[PDB]
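Residue numbers (UniProt numbering), protein chains in the order written: chain S, 13 to 92, 97 to 470, 576 to 849, 867 to 881; chain X, 8 to 51; chain W, 8 to 62; chain A, 2 to 126, 133 to 340; chain H, 4 to 126, 133 to 340.
Note that the Cβ used here is the ideal one computed from N, Cα and C, for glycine as well.
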Ligand SMILES: [Ca+2]
């Protein structure tokens, strides 16, 4: 983990010919990156500095992966032998389906390999995605300082647009701090400094949410805390009490002296070991008072366990970008999937044409648009390991019938994937009855193939494989599911059996304990039914709660199910692998998942989320209400909680009501919070999905993301969590429990 | 360090030679002040 | 390596033994030039419209 | 053998101080004002609400003619209000953003300021007319004697009397240990008291620059002070939620205004015109007006939402203005 | 390498105390005894339409009638400032031009750009094709009928011979990109401004970097040479002009102001050397005084960024080329 560092060849600049295939118009701009590592600004075509949020970059592909120009007007201008090493395209956008391109082209040699490697390092950096609150206000000040007009000054039409809840405050708050406050005038960029913009935001909003904290910690009449009143503010109110204090040591009066000397503005308080009120309104959104600690965000999990004991992020018919009937399949959707953190994709290989025999991808019997197979595996082998080095599981729906297309698609995977295609069993784990699967460590950097060795939609009419395609299937393998007592008696842990959403609900509730007892040895993927033709998603928490691994969603339509499966896989270093909790992967001590009581062996937790307030939540003057879900085992799932809608009074509302309790959660390393904040009228604003065993207690700022887990600049909440340990007709017995979870 | 404390000795020695005004006449004079101005008060 | 730093001194070596004149004469050479040429420069004072070719 | 032989006398005469109070312990106001009828039930109403500030109001001060009031805020904006017609007469900005005091003149053509930047900046009625630097602590409260001399109270445990024509600490006062949070003047301006942070109320004589009387009694901070209008008694705030009433003649505390269901501490004290009422502020956003000679609540002035930071009746006692932390400086009557 | 660092820098402080020993009176002190020029206003006399994209460079002729311009379309156009008749129309083979020039004979017009190669046109077709820069070309100026000095982006300059087409002397010594250059009216020395804030003064006779000048804190975009031959004025991206001398070895004025923030693009002097016509980035050209450091009029006439200037040898008028395909001639 490193803070975002800008290398010297990005701060000064290079010269890039920016072109666009739409209007066929290319300028000559000089790219820069500001020294914080926030924006990518260049002086525009009519002398107005554009930007691009560097956290809103999904990939920066260069070289042979880039987008070449197809218009001979632009092609004769840029000069199209080896000069496709100076190109650079920077894709962006909120969702996978909506991506914009910025087709640059460098003018000096070997300056595009340097840039596109050092822009992808700045877009996928953890500490500039889980950053502080005070960092996310310097990311909204640098946006205001870069975009000057032609004269070179900051226009006041931009400060009245960014903080635009009511512009009668901003016209007043600019006029009282000593700037030019008219609608058409300009502020010079060296009289609009960070000490002034900090004084701008204090005059803008009124903060009783902070001031309610300053009465409970003892600051009564003097405008400063002591060192002692802060040293037992952290160790009494903001310390996670599940953890062992011998390994996580409490705060010392020599260690808290640095927290004063890092934040306190005045000098008469710095030498006396005292922190003022502005020093405490700076500390609450500092880089130590975060909602999550940095042990549950980097690659720190026991990666030695076998492959049957992991949540693997996966997908279902991931080549589609629309509904399952009359959509349009693409090949860019794989690159956006495998970069997000997916680890199991789906390919529907169909028989090609009688002119020339090569396979391709489409949905069966729906006349959806077709993409060719050869360019899919090149869009897989390129970007399989750009964000996470942990193995990818291809999952064919082999529907062809000719023998020559079977061998041709076998020669493609042994050529495009190179040595990353696992064609041989490992030395340590051979395929015999009674062994376990490999670990992700020993498969790190490899690619497996899932195919038959030697309401289903289309996956039931599948063909018998041949001797060439069956050579690649080594560890993960599909076999038609017969029974449970046949599976455990046979004990081949290199088998798997797919289940649709319907036929796995008939086997979630009929016998859940034998399902988990089978899901410690073997695999079983879960993919939704064919009657969700608008590509909506079932909840994945239905089938993690019995320990299925590859629970598959539709990555194109981001409802609350797909906003879960990209907020619970942001942890463990965005690697797409999460370790199952201990009693779901251990061959001795089993448990019923539907337990209304606690289990002897898992410690239980208790949670009390209080949603106090939240700043800068919307562009228009309207009320905000906050929903606090908590998914988990079916005795943990509570989806009824909501605050009351505020009045929309100012930039920050204040909710003053009772906290939301979660008293007895039986399995807390499986549960996960969710704090969504809506507009009054169903319009989304933000959400953040937190795990339960890792969340700290105390007063924190939750900085909201959008619906695809990209950080929003301005909006946040100020919530107060309080975690602590716990001190105390078969179908309708179970179908009445899951109805809080199905929705 | 003793000169800080030797200021306090001259601080408290002047507290010995102060005339004692007892609370009998003094608190009744505070009683007599509220009665002599009892109708010149726009917050009653 | 060393040779670019060698010639950096050797280029700076001839910069040492240079000669000068005072700025009081340097600001007097410039001040002689403008006032001896201000009678005919057509941007300090305008010209008649007949001799002016752009009107 | 020397550092111990002073402490035997450093607490010898202090025991004669309290034993002098036992000889003077004759009566309290509970046993001498028990035949005095109370004032009944006191109700007020929000007469005028002076919108126009942008952040927390931290101080105020009435004028001399009971008409104009100043109000320094946390955004750094002195506004000189007109109470009769709801008018912002001036609006002086500041070069010191963090303010904690304000003042006015007895003649009425000068204003002051102060705060965290250790500088007291007299203005003219608008430009920066003077400047007073020399404190090594935060400025907390400053008052005027006349057009020439100005007292302050600072965070470097020292009060200071200044001269406005030179701009130097002419007389400096020492003797507290903690911070000095508020001060007030007698109506003759012959002797002024101030309350510290470490639970003391010391009286400084202005003509000599040396204390003559030291009070005790509190167990926590002191955050306000104000005089009885005859100049022989005064009253403080606290953090332990009890105001007091000291006797400058009798050197002893006389009456505590303690009450149950009262946990928030005072942040502002000021008497009334005839000295029957003691008003106060709290952290329950109310303004409990206390009767003086009975030690009892008599009315609640509840019109705010965030805490009360300043309070004060006029020089004739007609109105009363409370300035809270919601930028809303009301006027009650 | 340890001994080389200190003895080089020790002479670099031998410059400063020699500079401080010379700095007896800065130029603002002596010129106070002379009245300023007051106000001077120029109007748009002619306007030159016919270009299609952004205009990058221009250079008047010594016969003081024609000029030239080099647009982003790769459309080199030779204008006539008397009748507004396009006398020629020369289409390039590389549309990324960045500069152009003009010869004192009037017979040769050069134009090069991002394509690293300085083409030379006859007055029509190319005669000589001058190549040898391994970076982009930024500015070039003619000496005479046969010699041209270019300024690449490979941290060098050059001194060509177009009858042969080979580089005679490689004027090296810069540490960053070379942005613009300017010959002398006696055609014996020239200057060069960089992206290292380093003006210079070379000589065409021997090939050596004769003097070196620093002082700015940003890039240097354009430098003009004084009509005496004694001074040269530069322009930086810190919104300032300065004025050096070859003898005083230091900045003599500093033509800055508040409410001027964006950079500069092109400067030049008048016929006498009294004015100093800068062309800024906020679309206006200012007129300073070379002695008084006060403004004397703004040429608020363009609608996009002003990117090149040039003042005739006869001193009749100036011309400003912008990014909106327009050449305005101001007198
Ligand atoms: Ca399918």
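Near-chain X residues of the segment 190 to 220 of chain A - C-beta to any C-beta below 9 Å: 217, 218, 219, 220
Determine the direct distance from the alpha carbon of residue 213 of chain S to that of residue 66 of chain S, and round the result to whole angstroms. 22 Å
Residue 263 of chain H (DSSP reduced to helix, strand or coil): strand
Does residue 85 of chain A pass the burial test, meaning 16 or more other C-beta atoms within 10 Å, or should it be called exposed? exposed
Classify residue 318 of chain H: buried if its beta carbon has 16 or more other beta carbons within 10 angstroms, exposed otherwise. buried
Under 9 Å from the C-beta of residue 324 of chain H: neighbouring residues of chain W: 47, 48, 49, 50
Identify every residue that forms a DSSP beta bridge with residue 317 of chain H. H:330
If the cut is a Cβ gap below 9 Å, which residues of chain S does residue 188 of chain A touch? 237, 238
Contact under 8 Å by Cβ, residue 105 of chain S with residue 90 of chain S: no
Min CB distance residue 98 of chain H to chain S below 8 Å: yes
Three-state secondary structure assigned by DSSP to residue 75 of chain S: helix
Using three-state DSSP, classify residue 231 of chain H as helix, strand or coil. strand
For residue 62 of chain S, tell me which candidate among S:255, S:78, S:160 has the shortest Cα-Cα distance. S:160
Segments of 3+ residues assigned as beta strand (DSSP E) that fall wholly inside the UniProt repeat "WD 3" (141 to 181) of chain H: 148 to 151, 157 to 160
Is the segment 299 to 313 of chain S in contact with the segment 621 to 634 of chain S, if contact means three or more CB pairs nearer than 8 Å? no
So is residue 326 of chain A buried or exposed if we call it buried at 16+ other beta carbons inside 10 Å? buried
Could you please give me the residues that DSSP links to residue 220 of chain A through a beta bridge? A:210
Taking 8 Å as the cut-off, decide whether the C-beta atoms of residue 785 of chain S and residue 877 of chain S are in contact. no
Could you spell out the range, first to last residue, of the alpha helix (DSSP H) harbouring residue 430 of chain S? 419 to 432
Given 8 Å as the limit, is there contact between the segment 118 to 136 of chain S and the segment 147 to 165 of chain S, that is, 3 or more CB pairs closer than that? no
Does the beta-carbon distance from residue 597 of chain S to residue 409 of chain S come in below 8 Å? yes
Just to make sure I have the definition right: I need the residues of chain H whose C-beta is within less than 9 Å of the C-beta of residue 59 of chain S. Which are they? 271, 290, 291, 292, 313, 314, 332
What are the uninterrupted segments assigned as beta strand (DSSP E) that are 3 or more residues long and contained completely in the segment 781 to 839 of chain S, given in chain order? 781 to 786, 793 to 800, 805 to 809, 819 to 821, 824 to 826, 832 to 837
Among the residues of its own chain, which have a CB less than 7 Å from the CB of residue 661 of chain S, if the five just before and after it don't count? 672, 674, 682, 685, 686
Thinking residue 25 of chain S and residue 43 of chain S are a contact (beta carbons under 8 Å), I'd like their distance in whole angstroms, please. 6 Å
Let me know if residue 749 of chain S comes out buried or exposed under the rule of 16 or more other beta-carbons within 10 Å of its beta-carbon. buried
Drop a sphere of 10 angstroms on the beta-carbon of residue 38 of chain S, count the other beta-carbons inside from all chains shown, and report buried for 16 or more, exposed for fewer. buried
Is the distance from the Cβ of residue 677 of chain S to the Cβ of residue 116 of chain S below 8 Å? no
Sequence-distant residues of the same chain with beta carbon closer than 7 Å to residue 141 of chain S, five excluded per side: 16
Exposed or buried, which one is residue 368 of chain S when buried takes at least 16 other CB atoms within 10 Å? buried
Would you identify the three-state DSSP class for residue 103 of chain H, choosing helix, strand or coil? strand
From S:59, S:109, S:99, S:829, residue whose alpha carbon lies closest to that of residue 72 of chain S: S:109
Since residue 669 of chain S and residue 156 of chain S are thought to touch, with beta carbons under 8 Å apart, how far apart are those beta carbons, to the nearest angstrom? The pair is not a contact, with the Cβ atoms about 42 Å apart (cut-off 8 Å).
Cutting at 8 Å between CB atoms, please list the residues of its own chain near residue 44 of chain H, excluding the five before and the five after it. 306
Does the CB of residue 248 of chain S have a neighbour CB from chain H at under 8 Å? no
Quick check on this structure: which residue in S:378, S:390, S:823, S:182 has the alpha carbon closest to the alpha carbon of residue 731 of chain S? S:823
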